[PDB]
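For reference, the structure discussed in these notes is given below.
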Amino acid sequence: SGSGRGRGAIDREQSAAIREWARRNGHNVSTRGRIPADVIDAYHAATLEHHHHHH
């Protein structure tokens, strides 16, 4: 009874958003588990620099 692990929610759940972003950009990424830090950095560059070092 009550709330618990049966909800299926993840703590670092932005992994799925980085996987989707990598798929939308045609970049190599795994279907499940961890993502390479180079692709996490690639995602951070896209979210930070596109309104700083782009026109």
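Residues are named by chain letter and number: chains run A, B, ... in the order of the structure tokens, numbers start at 1 in each chain, and ligands are numbered from 1 in the order shown.
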
Q.
Could you go through chain A and tell me which residues DSSP, when run on the backbone, assigns to helix (DSSP H, G or I), listing them as a PyMOL selection string?
A. chain A and resi 5-7+15-24+37-49

If you keep N, CA and C atoms, can you produce a file of those selected residues as a CSV table (one decimal), in the first residue's frame?
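What ended up in again36.csv:
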```
chain,number,residue,atom,x,y,z
A,5,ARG,N,8.7,1.9,-5.2
A,5,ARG,CA,9.4,1.7,-6.4
A,5,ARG,C,8.6,1.2,-7.6
A,6,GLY,N,7.4,0.7,-7.4
A,6,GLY,CA,6.4,0.3,-8.4
A,6,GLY,C,5.9,1.4,-9.3
A,7,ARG,N,6.1,2.6,-9.0
A,7,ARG,CA,5.9,3.8,-9.9
A,7,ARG,C,6.8,3.8,-11.1
A,15,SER,N,18.4,11.3,-18.8
A,15,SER,CA,19.0,10.4,-19.7
A,15,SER,C,18.2,10.1,-20.9
A,16,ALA,N,16.9,9.9,-20.8
A,16,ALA,CA,15.9,9.6,-21.9
A,16,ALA,C,15.8,10.9,-22.8
A,17,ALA,N,15.8,12.1,-22.3
A,17,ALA,CA,15.8,13.3,-23.0
A,17,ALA,C,17.1,13.5,-23.8
A,18,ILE,N,18.3,13.2,-23.2
A,18,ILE,CA,19.6,13.2,-23.9
A,18,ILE,C,19.7,12.1,-25.0
A,19,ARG,N,19.1,10.9,-24.8
A,19,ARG,CA,19.0,9.9,-25.8
A,19,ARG,C,18.1,10.3,-27.0
A,20,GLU,N,17.0,10.9,-26.7
A,20,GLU,CA,16.1,11.5,-27.7
A,20,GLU,C,16.7,12.6,-28.5
A,21,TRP,N,17.4,13.6,-27.8
A,21,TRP,CA,18.2,14.6,-28.4
A,21,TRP,C,19.3,14.1,-29.4
A,22,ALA,N,20.0,13.1,-28.9
A,22,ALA,CA,21.1,12.4,-29.7
A,22,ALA,C,20.5,11.7,-31.0
A,23,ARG,N,19.3,11.0,-30.8
A,23,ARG,CA,18.6,10.4,-31.9
A,23,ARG,C,18.1,11.5,-32.9
A,24,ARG,N,17.5,12.6,-32.5
A,24,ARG,CA,17.0,13.7,-33.3
A,24,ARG,C,18.2,14.4,-34.1
A,37,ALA,N,29.9,10.5,-21.7
A,37,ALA,CA,30.0,11.9,-21.2
A,37,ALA,C,30.3,12.9,-22.4
A,38,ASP,N,30.9,12.4,-23.5
A,38,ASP,CA,31.1,13.2,-24.7
A,38,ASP,C,29.8,13.7,-25.3
A,39,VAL,N,28.7,12.8,-25.2
A,39,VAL,CA,27.4,13.1,-25.7
A,39,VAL,C,26.6,13.9,-24.8
A,40,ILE,N,26.8,13.7,-23.4
A,40,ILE,CA,26.2,14.6,-22.4
A,40,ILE,C,26.8,16.0,-22.5
A,41,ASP,N,28.1,16.2,-22.8
A,41,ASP,CA,28.8,17.4,-23.1
A,41,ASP,C,28.3,18.0,-24.4
A,42,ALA,N,28.1,17.2,-25.5
A,42,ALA,CA,27.5,17.6,-26.7
A,42,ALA,C,26.1,18.2,-26.5
A,43,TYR,N,25.2,17.6,-25.7
A,43,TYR,CA,23.9,18.1,-25.3
A,43,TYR,C,24.0,19.4,-24.6
A,44,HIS,N,24.9,19.5,-23.5
A,44,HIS,CA,25.1,20.8,-22.8
A,44,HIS,C,25.6,21.9,-23.7
A,45,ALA,N,26.5,21.6,-24.7
A,45,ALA,CA,26.9,22.6,-25.7
A,45,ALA,C,25.7,23.1,-26.5
A,46,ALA,N,24.8,22.2,-27.0
A,46,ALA,CA,23.6,22.6,-27.7
A,46,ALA,C,22.6,23.5,-26.9
A,47,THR,N,22.4,23.1,-25.6
A,47,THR,CA,21.5,23.9,-24.7
A,47,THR,C,22.1,25.2,-24.2
A,48,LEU,N,23.4,25.3,-24.1
A,48,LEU,CA,24.1,26.5,-23.6
A,48,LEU,C,24.6,27.5,-24.7
A,49,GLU,N,25.2,27.0,-25.7
A,49,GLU,CA,25.9,27.9,-26.7
A,49,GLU,C,25.0,28.4,-27.8
```
